[PDB]
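Asker: Got a structure for you, input20.csv, holding CSV, N, CA and C atoms.
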chain,number,residue,atom,x,y,z
A,59,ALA,N,-5.2,-32.0,-207.0
A,59,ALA,CA,-6.3,-31.0,-206.7
A,59,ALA,C,-7.4,-31.2,-207.7
A,60,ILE,N,-7.8,-32.4,-208.0
A,60,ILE,CA,-8.9,-32.7,-208.9
A,60,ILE,C,-10.2,-31.9,-208.5
A,61,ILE,N,-10.3,-31.8,-207.2
A,61,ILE,CA,-11.5,-31.1,-206.6
A,61,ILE,C,-11.4,-29.5,-206.8
A,62,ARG,N,-10.4,-29.1,-207.6
A,62,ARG,CA,-10.2,-27.7,-207.8
A,62,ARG,C,-10.1,-27.5,-209.3
A,63,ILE,N,-9.4,-28.4,-209.9
A,63,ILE,CA,-9.2,-28.4,-211.4
A,63,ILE,C,-10.6,-28.4,-212.1
A,64,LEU,N,-11.3,-29.5,-211.8
A,64,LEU,CA,-12.6,-29.6,-212.5
A,64,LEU,C,-13.5,-28.4,-212.1
A,65,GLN,N,-13.3,-28.0,-210.8
A,65,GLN,CA,-14.1,-26.9,-210.3
A,65,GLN,C,-13.8,-25.6,-211.0
A,66,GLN,N,-12.8,-25.5,-211.8
A,66,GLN,CA,-12.5,-24.3,-212.5
A,66,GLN,C,-13.6,-24.2,-213.6
A,67,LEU,N,-14.0,-25.4,-214.0
A,67,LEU,CA,-15.0,-25.5,-215.1
A,67,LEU,C,-16.4,-25.5,-214.4
A,68,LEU,N,-16.5,-26.3,-213.3
A,68,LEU,CA,-17.8,-26.3,-212.6
A,68,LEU,C,-18.1,-24.9,-212.1
A,69,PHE,N,-17.0,-24.2,-211.8
A,69,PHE,CA,-17.2,-22.8,-211.3
A,69,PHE,C,-18.1,-22.0,-212.3
A,70,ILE,N,-17.9,-22.2,-213.5
A,70,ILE,CA,-18.7,-21.6,-214.6
A,70,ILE,C,-20.1,-22.0,-214.6
A,71,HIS,N,-20.3,-23.3,-214.6
A,71,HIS,CA,-21.8,-23.8,-214.7
A,71,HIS,C,-22.5,-23.4,-213.4
A,72,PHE,N,-21.7,-23.2,-212.3
A,72,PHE,CA,-22.3,-22.8,-211.0
A,72,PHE,C,-22.6,-21.4,-211.1
A,73,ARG,N,-21.6,-20.6,-211.6
A,73,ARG,CA,-21.8,-19.2,-211.7
A,73,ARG,C,-23.0,-18.8,-212.6
A,74,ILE,N,-22.9,-19.2,-213.8
A,74,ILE,CA,-24.0,-18.9,-214.8
A,74,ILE,C,-25.3,-19.4,-214.3
A,75,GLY,N,-25.3,-20.4,-213.5
A,75,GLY,CA,-26.5,-21.0,-212.9
A,75,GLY,C,-27.0,-20.1,-211.8
A,76,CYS,N,-26.3,-19.9,-210.8
A,76,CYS,CA,-26.7,-19.0,-209.6
A,76,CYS,C,-27.1,-17.5,-210.0
A,77,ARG,N,-26.9,-17.2,-211.2
A,77,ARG,CA,-27.2,-15.9,-211.8
A,77,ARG,C,-28.6,-15.8,-212.2
A,78,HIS,N,-29.2,-16.9,-212.5
A,78,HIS,CA,-30.7,-16.9,-212.9
A,78,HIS,C,-31.6,-16.1,-211.9
A,79,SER,N,-31.1,-15.9,-210.7
A,79,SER,CA,-31.8,-15.1,-209.7
A,79,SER,C,-30.9,-14.7,-208.5
A,80,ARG,N,-29.7,-14.5,-208.9
A,80,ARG,CA,-28.6,-14.0,-207.9
A,80,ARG,C,-28.7,-14.7,-206.6
A,81,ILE,N,-28.7,-16.0,-206.6
A,81,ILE,CA,-28.8,-16.9,-205.4
A,81,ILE,C,-27.7,-16.6,-204.4
A,82,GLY,N,-26.7,-16.0,-204.8
A,82,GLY,CA,-25.5,-15.5,-204.0
A,82,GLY,C,-25.7,-15.1,-202.6
A,83,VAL,N,-27.0,-14.7,-202.3
A,83,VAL,CA,-27.3,-14.2,-201.0
A,83,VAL,C,-27.1,-15.4,-199.9
A,84,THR,N,-27.5,-16.6,-200.3
A,84,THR,CA,-27.3,-17.8,-199.5
A,84,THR,C,-28.5,-18.8,-199.7
A,85,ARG,N,-29.7,-18.2,-200.0
A,85,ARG,CA,-30.9,-19.0,-200.3
A,85,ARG,C,-30.7,-20.0,-201.4
A,86,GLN,N,-30.2,-21.1,-201.1
A,86,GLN,CA,-30.0,-22.3,-202.0
A,86,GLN,C,-28.8,-22.0,-202.9
Would you put the structure from the file into structure tokens?
Answerer:
Amino acid sequence: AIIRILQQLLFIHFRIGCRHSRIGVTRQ
């Protein structure tokens, strides 16, 4: 499940990233 394991870390860089302007809505 390498595409999950590494993702536990990428999850973080993605999270802290998408927070710069709460992209979570869907817009990019």
Asker: Can you tell me how far atom C of residue A:86 sits from atom CA of residue A:64, in Å to one decimal?
Answerer: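 Interatomic distance, atom C of residue A:86 to atom CA of residue A:64: 20.3 Å.
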Asker: Any chance you could list, as a list in words, the residues in chain A that come up helix (DSSP H, G or I) when DSSP is run on the backbone?
Answerer: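 Assigned to helix (DSSP H, G or I), within chain A: residues 60, 61, 62, 63, 64, 65, 66, 67, 68, 69, 70, 71, 72, 73, 74, 75, 76, 81, 82 and 83 of chain A.
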Asker: Report, in Å with one decimal, the straight-line distance from atom C of residue A:73 to atom N of residue A:59.
Answerer: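 A separation of 22.9 Å between them.
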Asker: How many Å lie between atom CA of residue A:83 and atom CA of residue A:66, rounded to one decimal?
Answerer: 21.3 Å
